[PDB]
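Residue numbers (our numbering), protein chains in the order written: chain A, 1 to 63; chain B, 64 to 126; chain C, 127 to 188.
Note that CB positions come from ideal geometry on N, CA and C, so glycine has one too.
Structure, as C-alpha cells:
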Amino acid sequence: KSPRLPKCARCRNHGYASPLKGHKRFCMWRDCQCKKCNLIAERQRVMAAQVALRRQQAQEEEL
Amino acid sequence: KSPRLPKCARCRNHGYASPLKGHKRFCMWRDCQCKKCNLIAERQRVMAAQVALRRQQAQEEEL
Amino acid sequence: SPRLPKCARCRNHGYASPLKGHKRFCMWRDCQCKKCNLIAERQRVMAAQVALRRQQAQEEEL
DNA sequence: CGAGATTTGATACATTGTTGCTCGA
DNA sequence: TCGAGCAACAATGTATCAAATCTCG
Ligand SMILES: [Zn+2]
Ligand SMILES: [Zn+2]
Ligand SMILES: [Zn+2]
Ligand SMILES: [Zn+2]
Ligand SMILES: [Zn+2]
Ligand SMILES: [Zn+2]
C-alpha cells in the first residue's frame, strides 16, 4: 500500500489543517504574508528552482 | 480513442516541425517575436486561461 | 454511448444547455463578460493568423 | 443539398509547482 | 540525530482531435 494524501501548508500554519484537492483557490490565507507564513513562501520558490534543475538533468541523460 | 503526437508550434511557423518532448527549452526559436509567432504567443495565453476556466468548472461540480 | 457538448457559453452561467444549432438561440448571443470574452478573442487570433498566411502567400506571387 | 474548408468545444500530452518524508553528512 | 534534498500528489500550460457549422458548385 502506498497512500500519501497531502494537506495544505498555509491552512495548517495559522490553525486547523485541511487537505488540498480544490483548495488552491479557496484558501483563506492565500496571501497574508505573516512572518511565519512569509518564511514558508520562500521555501516554495527554492524547491521549485531545485526540482526544475533535476528535471533538466534528467533530460540530459538520453543525449 | 485516436492516436496523438505533439509537434512544436513555434517551430512549424518557420519550417522545421520538430516533435515536442523536451524541446521547449532547446528550441532554436525559444523566444522570437515575428508577427507569425507573436500571434501564437497570444494564442497560448488565451487557450491556457480558457482551459483553466474549465478546470474551475470541474470544481463547481464538486464530483 | 457517445459523449458530446453541451454548449460552453451557457455553462458559464450554469444553465448547461446542449448545442444542436444553439448558436443564435444561446441567450448570450454576442457577449462581452470576462468569461465569454475569451472565446471571441480566440477566433480573432485565428482569423488574424489565417489572414496573415493567405496574405504572405499572395505577396510572393508578384 | 453534400464535399471540402473553417469554427469550436473538448482532451491527450507535456511542464511546472507543492508537500510528505527519507537518508546520509 | 535531524536537517537538506528527493519524489510522489497536483496544479498549469501546449498542441491537436472531432463534432459541427459554414462556404459554395
Ligand atoms: Zn489552504
Ligand atoms: Zn500567514
Ligand atoms: Zn520548438
Ligand atoms: Zn518566429
Ligand atoms: Zn449556449
Ligand atoms: Zn456571459
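(message) With a threshold of 7 Å on Cβ separation, who are the neighbours of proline 82/B within its own chain once the five nearest residues in sequence on each side are excluded?
(response) Cβ neighbours of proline 82/B beyond the five flanking positions: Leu68, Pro69 and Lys70.
(request) In angstroms with no decimal places, state the Cα-to-Cα distance between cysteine 100/B and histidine 77/B. (result) Distance from the CA of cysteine 100/B to the CA of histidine 77/B, rounded to the nearest whole angstrom, comes to 9 Å.
(request) Can you say whether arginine 12/A is buried or exposed, counting buried as having 16 or more other CB atoms within 10 angstroms of its CB? (result) Burial call: exposed.
(message) Output needed in chain order: residues of the segment 97-124 of chain B with a Cβ under 7 Å from some Cβ in chain A.
(response) Of all residues in the segment 97-124 of chain B, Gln122 have a Cβ within less than 7 Å of some Cβ in chain A.
(request) Please determine, among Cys157/C, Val176/C and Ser127/C, the residue with the shortest C-alpha to C-alpha distance to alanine 134/C. (result) When C-alpha distances from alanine 134/C are compared across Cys157/C, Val176/C and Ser127/C, the shortest belongs to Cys157/C.
(request) With DSSP as the reference, label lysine 84/B as helix, strand or coil. (result) Here DSSP, grouped into helix, strand and coil, assigns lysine 84/B to coil.
(request) Measure from the alpha carbon of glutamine 113/B to the alpha carbon of each residue in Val176/C, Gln169/C, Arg180/C and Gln181/C, then state which is nearest. (result) Looking only at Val176/C, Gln169/C, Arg180/C and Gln181/C, the smallest Cα-Cα distance to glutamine 113/B is reached by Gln169/C.
(request) Can you give me the start and stop residues for the alpha helix (DSSP H) that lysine 160/C sits inside? (result) Premise fails: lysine 160/C is in no alpha helix (DSSP H) and is neither H nor E.
(message) Determine whether the beta carbon atoms of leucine 164/C and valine 109/B lie at a separation below 8 Å.
(response) Yes, these two residues count as a Cβ contact at 8 Å.
(message) Give me, in chain order, the residues of the same chain whose beta-carbon lies closer than 8 Å to that of residue 70/C; leave out the 5 immediate sequence neighbours on both sides.
(response) No information on residue 70/C is available, as it lies outside the stretch 127 to 188 that chain C covers here.
(message) Looking only at its chain, what residues have a beta carbon closer than 7 Å to the beta carbon of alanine 142/C, apart from the 5 residues adjacent to it on each side?
(response) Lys132 and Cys136, listed in sequence order.
(request) Spell out whether any CB of chain A is found under 8 Å from the CB atom of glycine 85/B. (result) The C-beta of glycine 85/B comes closer than 8 Å to at least one C-beta of chain A.
(request) Rounded to whole angstroms, what's the CA-CA distance from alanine 48/A to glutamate 123/B? Just pull it up for me. (result) Annotation: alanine 48/A to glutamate 123/B spans about 29 Å, alpha carbon to alpha carbon.
(request) Leaving out five residues on either side along the sequence, give the residues of the same chain with a beta carbon under 7 Å from the beta carbon of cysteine 27/A. (result) Contacts found: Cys8, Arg10 and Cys11.
(message) Is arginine 135/C close to chain B? Criterion is C-beta to C-beta, closer than 8 Å.
(response) Closer than 8 Å: no.
(request) Note the first and the last residue of the continuous alpha helix (DSSP H) segment covering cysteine 74/B. (result) For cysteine 74/B, the enclosing alpha helix (DSSP H) starts and ends at 72-77.
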